[PDB]
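Undergrad: below: the sequence, then the experimentally determined structure.
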Amino acid sequence: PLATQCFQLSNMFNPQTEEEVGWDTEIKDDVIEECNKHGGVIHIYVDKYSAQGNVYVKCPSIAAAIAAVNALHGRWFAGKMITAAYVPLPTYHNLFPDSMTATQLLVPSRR
Amino acid sequence: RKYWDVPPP
C-alpha cells in the first residue's frame, strides 16, 4: 500500500454498544491526543454508523501520516486490536470534500 | 479515562 496524508482506523468501538452521550467526541479526542505525538491532525471523522468502528484521519503531511499509521497499527484500544490503513487522497476527498483545504491543526474538545 | 494500550480482561 502506497503512503498518503490520509488513513482509516478500524475496530475502535462498536456503535451498537456505545450508550454514553458524546462518546464519538471522546473517541475523536483520543485520536487527536495520540496523533499529537506524531505530527498532528487536520481532519477527523468518527463513523457513528459502521459496525467496524471506523475513524477517518487526515494529517498535515505524508510524513506525519506514516509516523501515525506505523505507531497506531496493531495497538490495543479498549481491549481490542486496531488496524490503520492508508486511504488514497481522491477516495478521501470524495468522502470529505471540506478536508481538501483544511490546514489548521485540530485540538481536542476536552482537557 | 484510559483506552489506549488496554488489553482484553
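TA: Nice, thanks for sending it over. Numbers count the residues shown, from 1 in each chain, chains lettered A, B, ... in the order given.
Undergrad: what residues does chain A put near chain B?
TA: Contact residues (C-beta under 8 Å from any C-beta of the partner chain) of chain A with chain B: A:26, A:30, A:34, A:75, A:76, A:77, A:78, A:79, A:80. C-beta here means a position set from N, CA and C on the backbone, and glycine is covered the same way.
Undergrad: which ones are touching the fifth one?
TA: The contact partners of residue A:76, by C-beta atoms under 8 Å, 6 or more residues apart in numbering or on different chains, come to A:82, B:4, B:5, B:6, B:7, B:8.
Undergrad: burial of the third one, as a residue count?
TA: Translated: residue B:5. 9 (other C-beta atoms under 10 Å in any protein chain shown).
Undergrad: quick one: it and residue A:75 touch, right?
TA: Yes - Residue B:5 lies in contact with residue A:75 (C-beta atoms under 8 Å); the separation is 6.6 Å.
Undergrad: who wins for most neighbours among the contacts of residue A:76?
TA: Of all these, the highest neighbour tally under other C-beta under 10 Å goes to residue A:82, namely 18 neighbours.
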